[PDB]
Amino acid sequence: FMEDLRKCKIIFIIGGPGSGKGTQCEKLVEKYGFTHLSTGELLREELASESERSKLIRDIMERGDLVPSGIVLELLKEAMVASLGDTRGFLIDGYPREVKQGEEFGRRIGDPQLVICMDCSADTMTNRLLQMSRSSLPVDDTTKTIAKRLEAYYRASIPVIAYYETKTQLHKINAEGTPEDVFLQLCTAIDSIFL
Amino acid sequence: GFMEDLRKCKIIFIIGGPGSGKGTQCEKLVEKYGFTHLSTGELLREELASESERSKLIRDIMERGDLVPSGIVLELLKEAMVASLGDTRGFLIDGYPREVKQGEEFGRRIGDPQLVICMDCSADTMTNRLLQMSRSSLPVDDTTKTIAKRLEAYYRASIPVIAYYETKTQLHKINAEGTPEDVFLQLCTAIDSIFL
Ligand SMILES: Nc1ncnc2c1ncn2[C@@H]1O[C@H](COP(=O)(O)O)[C@@H](O)[C@H]1O
Ligand SMILES: [Cl-]
Ligand SMILES: [Cl-]
């Protein structure tokens with residue numbers, strides 16, 4: 001699996017809240033047949049399992065503490081190993097959270113052939129999030145809250161983006177257009193590495 | 001108003017390793033004393049379930065397995081305490097704080113605990129209890145290695161904090177190796193000794 005997992009299609013896709021990443025991942029899954037993974041879903045599944053390891057993770061999460069990179073990676077490797085054979089490739093959504101976690105992924109699993117960055121302005125992200133918002137607070141309040149959320153995304157993503165731009169595996173996609181036009185751009189990037 | 005109210009209310013921190021019996025003791029303390037039991041885990045769970053816009057920032061963080069900033073947890077804590085003030089006899093803050101600066105911040109922003117309870121239990125006893133509660137489908141060696149990591153994480157979180165509150169307030173170490181009913185007895189003794 002070491003050699004199999006390594007010599008196989010791995011795409012990271014990143015983007016802030018309101019970038020359209022969720023919907024585009026579904027479209028990509030539908031088109032390409034990729035295995036769509038994310039740490040949040042992997043953590044949720046593990047927590048539902050009653051394993052001793054899920055109890056460790058829960059001890060940590062209940063303190064608001066960081067879940068070590070190595071546990072997250074163990075969960076990815078297992079999901080990836082479970083999907084090999086019947087896979088057209090791996091779409092890892094929202095990963096990595098930090099450069100060192102990405103580096104460790106590279107060493108222990110495989111280097112992604114493509115890191116897609118869903119590039120989008122704060123204003124657009126904010127409008128999409130406002131539209132979906134269920135709060136009945138004043139819009140001013142809701143917008144300040146959304147702003148804080150974008151600001152924290154921007155601070156986590158910057159060094160990651162920089163790392164992959166420095167390694168030249170990053171494709172920036174203009175996530176501002178129609179869903180139709182964004183998807184085309186995504187497929188153009190994917191087809192350009194994997195053909 | 002709330003500021004001086006929060007500063008003068010009963011604040012007890014209770015710290016204990018997994019398998020120490022802390023959870024079940026807290027439920028009994030709440031029932032007996034009419035305290036409000038607060039924990040980070042439960043506060044986080046509740047914020048997330050609220051579906052508030054503010055909650056989505058925490059959801060982003062936790063989906064990466066990233067650390068939730070202390071300010072966010074403190075905010076949620078303060079809000080829980082303000083909401084319970086006037087229909088509670090005191091706060092039992094369970095497994096908090098996780099580091100010293102976070103405790104110092106609590107002290108400045110909310111109030112100083114009058115009592116820190118530490119539920120002392122050996123690693124061997126915590127390990128054995130946690131095996132008794134295990135649903136592991138893995139061999140006992142693998143299973144016990146993961147339990148050892150759970151204790152390691154507890155010791156990391158607890159040692160600096162316990163050492164700090166020893167210097168600052170009343171800290172009572174309870175022998176949690178006993179029966180749960182004896183542990184309850186000792187807890188009640190500790191609490192009664194402080195609140196008069
Ligand atoms: N909360 C979630 N976050 C990220 N991915 C999810 C989530 N729930 C399901 N998925 C997966 O991501 C895509 C969208 O989710 P769904 O269509 O609800 O299954 C699917 O391809 C799922 O495999
Ligand atoms: Cl959202
Ligand atoms: Cl010991």
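Naming: A, B, ... by sequence-line order, numbering from 1 per chain. The analysis underlying the following values was restricted to heavy atoms, covering all of them including side chains, and did not include hydrogens, waters or symmetry mates.
The two atoms that bring B:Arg135 and A:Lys55 nearest to each other are N-NZ, 4.2 Å, heavy atoms only.
Only the side chain of A:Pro17 comes within contact range of chain B, with at least one heavy atom under 4.5 Å from a heavy atom of that chain. Both the backbone and the side chain of B:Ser134 come within contact range of chain A, judged by heavy atoms closer than 4.5 Å.
Atom-to-atom distance recorded for A:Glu62:CD and B:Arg45:CZ is 11.0 Å, nearest 0.5 angstrom. Going from atom CD1 of A:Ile146 over to atom CG of B:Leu57 covers 11.5 Å, rounded to the nearest 0.5 Å. Distance check, rounded to the nearest 0.5 Å: CZ of B:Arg64 to CZ of A:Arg97 gives 9.0 Å. For the atom pair A:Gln101 CD and B:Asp66 CG, the distance stands at 8.0 Å (nearest 0.5 Å).
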### Task
List the steps and the verdict of side-chain contact (heavy atoms from CB on, under 4.5 Å) for A:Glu52 and B:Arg150.
CA-CA 9 Å; A:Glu52 214 52 35; B:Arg150 300 180 67 185; 3.0 Å; yes

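If you chain together hydrophobic residues whose side chains sit under 4.5 Å apart, B:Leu185 and B:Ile191 never meet in one group. Tracing side-chain contacts under 4.5 Å through hydrophobic residues (I, L, V, M, F, W, Y), one never reaches A:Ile71 starting from B:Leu138; they form parts of separate clusters. Side-chain heavy atoms closer than 4.5 Å link hydrophobic residues (I, L, V, M, F, W, Y) into clusters, and following such links, possibly through other members, connects A:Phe105 to A:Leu84. Under the 4.5 Å side-chain heavy-atom criterion for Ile, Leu, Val, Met, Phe, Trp and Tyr, B:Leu67 and A:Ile60 are members of distinct hydrophobic clusters.
Contact of the A:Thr145 side chain with the B:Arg54 side chain is registered, since non-hydrogen atoms from C-beta on lie closer than 4.5 Å.
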